[PDB]
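A.B. asks: I'd like to ask you about the structure that follows.
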Amino acid sequence: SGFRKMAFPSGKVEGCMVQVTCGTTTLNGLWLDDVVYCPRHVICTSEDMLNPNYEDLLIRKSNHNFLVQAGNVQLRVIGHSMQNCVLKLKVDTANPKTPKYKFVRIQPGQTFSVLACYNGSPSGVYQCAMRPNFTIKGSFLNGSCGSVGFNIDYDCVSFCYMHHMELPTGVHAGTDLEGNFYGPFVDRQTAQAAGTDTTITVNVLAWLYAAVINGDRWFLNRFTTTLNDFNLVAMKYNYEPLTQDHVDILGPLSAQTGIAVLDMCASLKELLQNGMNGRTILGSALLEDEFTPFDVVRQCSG
Amino acid sequence: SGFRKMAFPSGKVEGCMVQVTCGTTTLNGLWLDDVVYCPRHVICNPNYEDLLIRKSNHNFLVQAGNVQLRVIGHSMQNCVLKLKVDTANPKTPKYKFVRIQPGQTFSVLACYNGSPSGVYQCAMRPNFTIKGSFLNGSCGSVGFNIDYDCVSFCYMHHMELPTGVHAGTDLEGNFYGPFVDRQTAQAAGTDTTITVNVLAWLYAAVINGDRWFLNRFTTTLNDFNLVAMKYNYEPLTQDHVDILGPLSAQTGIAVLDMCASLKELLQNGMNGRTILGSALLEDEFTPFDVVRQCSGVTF
Ligand SMILES: O=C1N(c2cncc3ccccc23)CCC[C@]12CCNc1ccc(Cl)cc12
Ligand SMILES: O=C1N(c2cncc3ccccc23)CCC[C@]12CCNc1ccc(Cl)cc12
Ligand SMILES: [Cl-]
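Put into structure tokens, the structure is as follows:
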């Protein structure tokens with residue numbers, strides 16, 4: 001029993017964090033095999049950030065301009081190449097702590113763990129989700145660039161995020177490990193704003209099923225709804241449209257609890273209308289949207 | 001920016017998790033140097055000296071990854087079983103066994119079959135329970151804090167109470183709370199809110215730009231404690247006020263000034279508003295957690 005926001009054990013990722021320095025700039029890098037991955041803005045000054053020509057800035061660099069530090073050992077850079085917004089620093093030593101890994105690009109609503117790092121040293125681990133507006137509500141200070149987001153499946157670490165910037169609203173933007181940004185963001189100090197954020201509906205439903213599995217049923221009602229009527233109501237509360245894929249994905253939780261997905265949709269509709277009335281659901285006075293259907297099954301069942 | 005419930009990096013602890021099997025019971029063990037620490041109920051009105059004397063070293067199957075460790079001795083210390091093994095854990099970090107106080111927070115590496123599955127942050131409640139997330143097989147999972155390179159082990163999971171909350175011991179086998187490792191009627195006592203932690207979290211909200219709850223008012227420590235007692239909040243002591251000093255100096259809001267905000271929040275609610283994305287007053291961040299997260303201390 002109990003339902004917590006749980007991060008994956010960060011050990012496999014800690015053994016990959018290194019410090020990358022280029023001139024005055026210092027950020028984190030991910031050392032996997034003989035390559036260190038880091039945000040390409042490590043080659044920029046604060047001035048360059050407005051309209052940097054990365055290819056022009058990178059061509060002026062040599063391998064010895066990039067100082068890579070793994071613990072108290074300086075790694076030697078023997079090559080460098082840019083792939084989208086990530087700089088790939090070829091080093092002369094393969095990381096002996098390299099875990100089994102994949103680079104995966106995630107979709108909005110997906111959750112992942114973040115190992116927040118400063119100066120190549122891990123300071124904390126937390127759980128978060130790719131918001132529908134492609135930002136993450138992270139906890140990052142200056143120097144956290146290069147910190148990574150990941151999931152672990154069996155013994156394989158799936159790297160899905162690398163931190164690049166903080167937007168003016170305090171939310172965060174970054175790329176997959178192939179250097180492609182999530183959302184319409186650019187690694188430029190230009191006027192960029194997070195789009196209007198919405199609630200991840202499929203995740204709220206999964207969390208309501210987690211509440212049912214943990215014995216919380218107060219919010220259920222005798223009603224059902226059509227998928228379209230649910231979406232018309234959901235849109236009015238800034239909730240993401242629920243698709244037939246979402247309904248299909250909730251099938252296992254529906255079968256386990258005996259509550260049809262459209263039946264749970266009607267409880268959600270009522271909760272949006274009534275609020276919680278001094279009550280909580282899994283120790284929360286707000287509807288939680290950072291647990292996916294897969295996370296609920298993993299934590300409530302194993 | 002951003003304020004998340006953050007756990008310490010779990011790597012130093014992952015290298016210590018092993019599976020301990022005795023009979024039909026399988027749970028987790030903590031392998032430090034040549035000793036594996038685990039709940040003594042793995043041997044299971052129990053007489054643990056009587057049950058333990060009937061077991062030999064080879065009855066305890068210890069598995070570290072895909073390697074079976076051989077047990078060469080066993081002894082009990084309070085509610086923890088200490089299994090002497092032939093091999094010292096080469097991944098043993100610098101460590102201490104520390105007993106924490108209620109209101110203190112720690113990270114829990116939840117494990118099943120000696121394999122870590124998740125890490126979360128939590129607080130030792132004033133009623134000595136933890137609001138954790140544990141399933142069958144999670145026994146032996148540990149709670150810890152990291153200071154520089156030293157892992158301070160403060161908790162070992164032993165059981166779940168009927169209300170879904172958890173109970174366990176320090177690494178010396180002494181239970182937190184009036185609990186016993188036996189199947190008997192046990193219940194968590196009435197819980198209270200960790201006041202110093204709520205104040206620390208309110209300071210974290212101010213540091214992150216949330217100021218709506220601030221007011222021009224101040225209060226005495228006694229008037230605040232009369233209010234706090236009415237709302238099942240732990241008494242705030244002068245030590246708590248002293249501990250909040252750095253946050254008070256950083257934000258410019260005196261501790262008793264923040265108490266007047268807390269008094270108004272308790273008496274009137276949040277009024278449809280949130281603080282750090284929360285509609286409830288969060289009490290599982292200590293003043294030190296707020297400082298560490300709002301400064302980027304690394305390990
Ligand atoms: O956001 C950025 N940073 C930060 C990143 N993450 C959390 C921060 C918390 C406080 C302060 C700065 C933070 C690090 C330095 C680069 C920068 C600076 C602002 N302009 C900018 C624009 C685009 C890009 Cl890709 C990076 C940046
Ligand atoms: O609490 C216990 N368990 C559990 C521990 N943690 C999360 C559980 C989630 C669901 C079910 C059982 C769980 C594991 C097995 C031992 C046990 C069983 C009940 N009787 C009992 C009495 C004393 C002691 Cl110390 C331990 C226990
Ligand atoms: Cl995905």
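Going down the list, the protein sequences come from chains A and B.
Residue 259 in PDB author numbering sits at position 259 of the first sequence; the count goes up by one each step and never skips.
Note that the second sequence covers residues 1 to 44, 51 to 305 in PDB author numbering.
We put the CB at the ideal spot given by N, CA and C, even for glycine.
Using a Cβ-Cβ cut-off of less than 8 Å, list which residues of the region 136-161 of chain A approach chain B; keep chain order.
C.D. replies: Listed by position, the residues of the region 136-161 of chain A near chain B (Cβ gap below 8 Å) are 137, 138, 139, 140, 141, 143 and 144.
A.B. asks: Relative to the alpha-carbon of residue 35 of chain A, which residue among A:47, A:268, A:216 and A:178 has its alpha-carbon at the smallest distance?
C.D. replies: Looking at the Cα atoms, A:178 is the closest of the given residues.
A.B. asks: Throw me the rounded Cβ distance for the residue 65 of chain B and residue 113 of chain B pair, which I believe falls under 8 Å.
C.D. replies: The pair is not a contact, with the Cβ atoms about 32 Å apart (cut-off 8 Å).
A.B. asks: Compute the distance between the beta-carbons of residue 78 of chain B and residue 97 of chain B, then report whether it is under 8 Å.
C.D. replies: No.
A.B. asks: At least one CB of chain A closer than 8 Å to the CB of residue 290 of chain B: is that the case?
C.D. replies: No, its Cβ sits nowhere closer than 8 Å to a Cβ of chain A.
A.B. asks: Starting from the C-beta of residue 187 of chain B, find all residues in its chain whose C-beta is less than 6 Å away, skip the five residues before and the five after it, and write them out in chain order.
C.D. replies: Excluding residues within five positions, the ones whose Cβ falls inside 6 Å are 41, 85 and 164.
A.B. asks: Quick one: does residue 214 of chain A have its CB under 8 Å from some CB of chain B?
C.D. replies: Yes, because at least one Cβ of chain B sits closer than 8 Å to the Cβ of residue 214 of chain A.
A.B. asks: Tell me where the alpha helix (DSSP H) around residue 205 of chain B begins and ends.
C.D. replies: Residue 205 of chain B -> alpha helix (DSSP H) spans 201-213.
A.B. asks: To the nearest angstrom, how far is it from the Cα of residue 175 of chain B to the Cα of residue 135 of chain B?
C.D. replies: Each residue's Cα considered, the two are about 10 Å apart.
A.B. asks: Only counting the same chain, and skipping five residues up and downstream in sequence, which positions put a Cβ closer than 6 Å to that of residue 207 of chain B?
C.D. replies: Closer than 6 Å at Cβ, skipping near neighbours: 288 and 291.
A.B. asks: Is residue 169 of chain B buried or exposed, if buried means 16 or more other CB atoms sit within 10 Å of its CB?
C.D. replies: Answer is exposed; the Cβ neighbour count stays below 16.
A.B. asks: Locate the beta strand (DSSP E) running through residue 91 of chain A, then write down its first and last residues.
C.D. replies: Start and end: 86-91.
A.B. asks: According to DSSP, is residue 42 of chain A part of a helix, a strand, or is it coil?
C.D. replies: Residue 42 of chain A: helix per DSSP, three-state reduction.
A.B. asks: Do you know whose CA, among A:200, A:23 and A:194, lies nearest residue 235 of chain A's CA?
C.D. replies: The candidate whose alpha carbon is nearest that of residue 235 of chain A is A:200.
A.B. asks: Please list, in chain order, the residues of the region 103-134 of chain A that have any C-beta partner in chain B closer than 9 Å.
C.D. replies: Cβ contacts with chain B come from 113, 114, 115, 116, 117, 118, 119, 120, 121, 122, 123, 124, 125, 126, 127 and 128.
A.B. asks: Please tell me whether residue 138 of chain B and residue 39 of chain B are closer than 8 Å, where the distance is taken between their beta carbons.
C.D. replies: No; because the gap between Cβ atoms is not below 8 Å, this pair is not in contact.
A.B. asks: Could you name the residues of chain A that residue 304 of chain B contacts, counting a contact when the two beta carbons are closer than 8 Å?
C.D. replies: Under the 8 Å cutoff, chain A gives 117, 118, 119, 121, 122 and 123.
A.B. asks: Using only the heavy atoms of ligand 3, determine whether one of them is closer than 7 Å to the beta carbon of residue 107 of chain A.
C.D. replies: Checking the Cβ of residue 107 of chain A against ligand 3 gives yes.
A.B. asks: Quick check on this structure: which residue in A:103, A:280, A:25 and A:62 has the alpha carbon closest to the alpha carbon of residue 47 of chain A?
C.D. replies: Closest option to residue 47 of chain A, Cα to Cα, is A:25.
A.B. asks: Using only CA atoms, which one of A:266, A:209, A:205 and A:155 lies nearest to residue 221 of chain A?
C.D. replies: Answer by Cα proximity: A:266.
A.B. asks: Does the beta carbon of residue 6 of chain A come closer than 8 Å to any beta carbon on chain B?
C.D. replies: Residue 6 of chain A counts as touching chain B.
A.B. asks: Out of A:281, A:237 and A:209, point me to the one whose CA is closest to residue 249 of chain A's CA.
C.D. replies: Residue 249 of chain A has its Cα closest to that of A:209, out of A:281, A:237 and A:209.
A.B. asks: Give me the chain A residues within the contact set of residue 50 of chain B, using Cβ-Cβ distance strictly less than 7 Å, ordered along the chain.
C.D. replies: Since chain B is numbered 44 and then 51, with no step between, residue 50 of chain B has no place in the structure shown.
A.B. asks: Does chain A have any CB closer than 8 Å to the CB of residue 96 of chain B?
C.D. replies: Chain A contact via Cβ: absent.
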